[PDB]
$ cat coords-v9.pdb   # PDB, C-alpha atoms
ATOM      1  CA  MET A 173      14.455-122.253 141.021  1.00  0.00           C
ATOM      2  CA  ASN A 174      16.662-124.435 138.788  1.00  0.00           C
ATOM      3  CA  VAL A 175      15.187-127.785 137.772  1.00  0.00           C
ATOM      4  CA  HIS A 176      16.338-130.883 139.759  1.00  0.00           C
ATOM      5  CA  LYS A 177      17.867-132.333 136.556  1.00  0.00           C
ATOM      6  CA  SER A 178      20.345-129.410 136.584  1.00  0.00           C
ATOM      7  CA  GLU A 179      23.266-129.718 139.042  1.00  0.00           C
ATOM      8  CA  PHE A 180      25.779-127.085 137.799  1.00  0.00           C
ATOM      9  CA  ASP A 181      26.050-123.810 135.832  1.00  0.00           C
ATOM     10  CA  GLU A 182      23.061-123.739 133.421  1.00  0.00           C
ATOM     11  CA  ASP A 183      24.969-121.346 131.130  1.00  0.00           C
ATOM     12  CA  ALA A 184      27.741-123.916 130.608  1.00  0.00           C
ATOM     13  CA  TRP A 185      25.257-126.701 129.744  1.00  0.00           C
ATOM     14  CA  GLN A 186      23.578-124.441 127.141  1.00  0.00           C
ATOM     15  CA  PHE A 187      26.976-123.893 125.453  1.00  0.00           C
ATOM     16  CA  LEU A 188      27.530-127.650 125.074  1.00  0.00           C
ATOM     17  CA  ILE A 189      23.946-128.235 123.822  1.00  0.00           C
ATOM     18  CA  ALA A 190      24.271-125.416 121.290  1.00  0.00           C
ATOM     19  CA  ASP A 191      27.373-127.030 119.764  1.00  0.00           C
ATOM     20  CA  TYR A 192      25.832-130.520 119.612  1.00  0.00           C
ATOM     21  CA  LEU A 193      22.853-129.051 117.707  1.00  0.00           C
ATOM     22  CA  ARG A 194      25.194-127.362 115.187  1.00  0.00           C
ATOM     23  CA  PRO A 195      25.583-129.090 111.761  1.00  0.00           C
ATOM     24  CA  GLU A 196      29.328-129.373 112.578  1.00  0.00           C
ATOM     25  CA  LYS A 197      28.704-132.479 114.742  1.00  0.00           C
ATOM     26  CA  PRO A 198      31.756-132.068 117.072  1.00  0.00           C
ATOM     27  CA  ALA A 199      33.363-135.217 118.536  1.00  0.00           C
ATOM     28  CA  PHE A 200      31.802-135.874 121.976  1.00  0.00           C
ATOM     29  CA  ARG A 201      35.070-137.151 123.450  1.00  0.00           C
ATOM     30  CA  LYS A 202      37.205-134.354 121.947  1.00  0.00           C
ATOM     31  CA  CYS A 203      34.520-131.621 122.022  1.00  0.00           C
ATOM     32  CA  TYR A 204      34.141-132.088 125.797  1.00  0.00           C
ATOM     33  CA  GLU A 205      37.822-131.161 126.207  1.00  0.00           C
ATOM     34  CA  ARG A 206      37.179-127.906 124.285  1.00  0.00           C
ATOM     35  CA  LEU A 207      34.289-127.188 126.665  1.00  0.00           C
ATOM     36  CA  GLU A 208      36.707-127.547 129.600  1.00  0.00           C
ATOM     37  CA  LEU A 209      38.742-124.654 128.131  1.00  0.00           C
ATOM     38  CA  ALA A 210      35.504-122.620 128.015  1.00  0.00           C
ATOM     39  CA  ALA A 211      34.759-123.477 131.671  1.00  0.00           C
ATOM     40  CA  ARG A 212      38.138-121.995 132.677  1.00  0.00           C
ATOM     41  CA  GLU A 213      37.171-118.666 131.071  1.00  0.00           C
ATOM     42  CA  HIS A 214      33.696-118.601 132.741  1.00  0.00           C
ATOM     43  CA  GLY A 215      34.811-120.677 135.755  1.00  0.00           C
ATOM     44  CA  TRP A 216      31.876-123.064 135.085  1.00  0.00           C
ATOM     45  CA  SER A 217      31.815-126.255 137.184  1.00  0.00           C
ATOM     46  CA  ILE A 218      31.065-128.847 134.480  1.00  0.00           C
ATOM     47  CA  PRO A 219      29.358-132.181 135.448  1.00  0.00           C
ATOM     48  CA  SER A 220      30.993-135.591 134.877  1.00  0.00           C
ATOM     49  CA  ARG A 221      31.170-136.504 131.179  1.00  0.00           C
ATOM     50  CA  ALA A 222      28.903-139.513 131.878  1.00  0.00           C
ATOM     51  CA  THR A 223      26.161-137.215 133.275  1.00  0.00           C
ATOM     52  CA  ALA A 224      26.266-135.029 130.156  1.00  0.00           C
ATOM     53  CA  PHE A 225      25.704-137.880 127.643  1.00  0.00           C
ATOM     54  CA  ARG A 226      23.073-139.480 129.868  1.00  0.00           C
ATOM     55  CA  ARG A 227      21.257-136.113 129.845  1.00  0.00           C
ATOM     56  CA  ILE A 228      21.653-135.931 126.030  1.00  0.00           C
ATOM     57  CA  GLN A 229      19.811-139.278 125.746  1.00  0.00           C
ATOM     58  CA  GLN A 230      16.719-137.738 127.427  1.00  0.00           C
ATOM     59  CA  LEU A 231      16.523-135.276 124.508  1.00  0.00           C
ATOM     60  CA  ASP A 232      15.411-138.293 122.376  1.00  0.00           C
ATOM     61  CA  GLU A 233      16.598-139.812 119.091  1.00  0.00           C
ATOM     62  CA  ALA A 234      14.646-137.013 117.383  1.00  0.00           C
ATOM     63  CA  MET A 235      17.263-134.657 118.818  1.00  0.00           C
ATOM     64  CA  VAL A 236      19.578-136.276 116.251  1.00  0.00           C
ATOM     65  CA  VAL A 237      17.479-134.536 113.583  1.00  0.00           C
ATOM     66  CA  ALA A 238      17.873-131.369 115.655  1.00  0.00           C
ATOM     67  CA  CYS A 239      21.628-131.725 114.968  1.00  0.00           C
ATOM     68  CA  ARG A 240      21.131-132.752 111.302  1.00  0.00           C
ATOM     69  CA  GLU A 241      18.257-130.250 110.724  1.00  0.00           C
ATOM     70  CA  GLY A 242      21.030-128.303 108.920  1.00  0.00           C
ATOM     71  CA  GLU A 243      19.264-126.819 105.881  1.00  0.00           C
ATOM     72  CA  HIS A 244      20.968-127.311 102.487  1.00  0.00           C
ATOM     73  CA  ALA A 245      21.267-124.394 100.034  1.00  0.00           C
ATOM     74  CA  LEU A 246      23.439-123.956  96.915  1.00  0.00           C
ATOM     75  CA  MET A 247      21.271-123.693  93.778  1.00  0.00           C
TER      76      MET A 247
END
$ encode --input "coords-v9.pdb" --output "structure tokens"
Amino acid sequence: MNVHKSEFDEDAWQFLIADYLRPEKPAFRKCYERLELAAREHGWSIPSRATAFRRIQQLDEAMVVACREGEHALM
């Protein structure tokens, strides 16, 4: 039973969330276009871009640290 918040392929949403949490910090406007190419390969029905960002806001400002949690290492 998928949660009410979900409204499309859960696998596609996880892909987008995984990239946002990467220390790369992809451009939301341009990164979404790259996701569309991924949807063609998996045939995922992506939600409207507005729905995605609105969902990102429920993650909380702390989620920003989740993206910047990138650990530094060089010594």
$ atom_distance --input "coords-v9.pdb" --atom1 "atom CA of residue A:194" --atom2 "atom CA of residue A:241"
8.7 Å
$ resolve_selection --input "coords-v9.pdb" --expression "the PyMOL selection byres ((chain A and resi 181) around 8)" --output "list in words"
residues 179, 180, 182, 183, 184, 185, 216, 217 and 218 of chain A
$ closest_residue --input "coords-v9.pdb" --among "A:175, A:245, A:239, A:228" --to "residue A:193" --atoms "all atoms listed in the file"
A:239
$ atom_distance --input "coords-v9.pdb" --atom1 "atom CA of residue A:195" --atom2 "atom CA of residue A:240"
5.8 Å
$ resolve_selection --input "coords-v9.pdb" --expression "the PyMOL selection byres ((chain A and resi 208) around 12)" --output "MDAnalysis selection string"
chainID A and resid 184:185 187:188 201:207 209:221
$ atom_distance --input "coords-v9.pdb" --atom1 "atom CA of residue A:222" --atom2 "atom CA of residue A:173"
24.3 Å
$ closest_residue --input "coords-v9.pdb" --among "A:246, A:237, A:199, A:189" --to "residue A:224" --atoms "only C-alpha atoms"
A:189
$ axis_aligned_box --input "coords-v9.pdb" --around "stretch 209-222 of chain A" --padding-each-side "3 Å" --output "lines of an AutoDock Vina configuration file"
center_x = 33.8
center_y = -129.1
center_z = 132.6
size_x = 15.8
size_y = 26.9
size_z = 15.2
$ build_atoms --input "coords-v9.pdb" --residues "stretch 208-219 of chain A" --atoms "N, CA and C atoms" --output "PDB file, in the frame of the given file"
ATOM      1  N   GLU A 208      35.945-127.779 128.340  1.00  0.00           N
ATOM      2  CA  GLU A 208      36.707-127.547 129.600  1.00  0.00           C
ATOM      3  C   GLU A 208      37.472-126.227 129.472  1.00  0.00           C
ATOM      4  N   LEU A 209      38.031-125.953 128.322  1.00  0.00           N
ATOM      5  CA  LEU A 209      38.742-124.654 128.131  1.00  0.00           C
ATOM      6  C   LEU A 209      37.741-123.517 128.335  1.00  0.00           C
ATOM      7  N   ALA A 210      36.538-123.683 127.847  1.00  0.00           N
ATOM      8  CA  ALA A 210      35.504-122.620 128.015  1.00  0.00           C
ATOM      9  C   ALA A 210      35.176-122.459 129.503  1.00  0.00           C
ATOM     10  N   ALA A 211      35.070-123.549 130.214  1.00  0.00           N
ATOM     11  CA  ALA A 211      34.759-123.477 131.671  1.00  0.00           C
ATOM     12  C   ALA A 211      35.841-122.672 132.392  1.00  0.00           C
ATOM     13  N   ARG A 212      37.075-122.772 131.977  1.00  0.00           N
ATOM     14  CA  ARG A 212      38.138-121.995 132.677  1.00  0.00           C
ATOM     15  C   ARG A 212      37.866-120.501 132.491  1.00  0.00           C
ATOM     16  N   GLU A 213      37.457-120.106 131.319  1.00  0.00           N
ATOM     17  CA  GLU A 213      37.171-118.666 131.071  1.00  0.00           C
ATOM     18  C   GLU A 213      35.957-118.204 131.899  1.00  0.00           C
ATOM     19  N   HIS A 214      34.917-119.000 131.964  1.00  0.00           N
ATOM     20  CA  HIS A 214      33.696-118.601 132.741  1.00  0.00           C
ATOM     21  C   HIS A 214      33.738-119.220 134.139  1.00  0.00           C
ATOM     22  N   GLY A 215      34.717-120.037 134.410  1.00  0.00           N
ATOM     23  CA  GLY A 215      34.811-120.677 135.755  1.00  0.00           C
ATOM     24  C   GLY A 215      33.609-121.614 135.973  1.00  0.00           C
ATOM     25  N   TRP A 216      33.049-122.152 134.918  1.00  0.00           N
ATOM     26  CA  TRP A 216      31.876-123.064 135.085  1.00  0.00           C
ATOM     27  C   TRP A 216      32.311-124.392 135.704  1.00  0.00           C
ATOM     28  N   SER A 217      31.510-124.924 136.588  1.00  0.00           N
ATOM     29  CA  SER A 217      31.815-126.255 137.184  1.00  0.00           C
ATOM     30  C   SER A 217      31.090-127.280 136.312  1.00  0.00           C
ATOM     31  N   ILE A 218      31.766-127.886 135.383  1.00  0.00           N
ATOM     32  CA  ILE A 218      31.065-128.847 134.480  1.00  0.00           C
ATOM     33  C   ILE A 218      30.779-130.177 135.202  1.00  0.00           C
ATOM     34  N   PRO A 219      29.712-130.860 134.843  1.00  0.00           N
ATOM     35  CA  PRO A 219      29.358-132.181 135.448  1.00  0.00           C
ATOM     36  C   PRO A 219      30.217-133.308 134.859  1.00  0.00           C
TER      37      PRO A 219
END
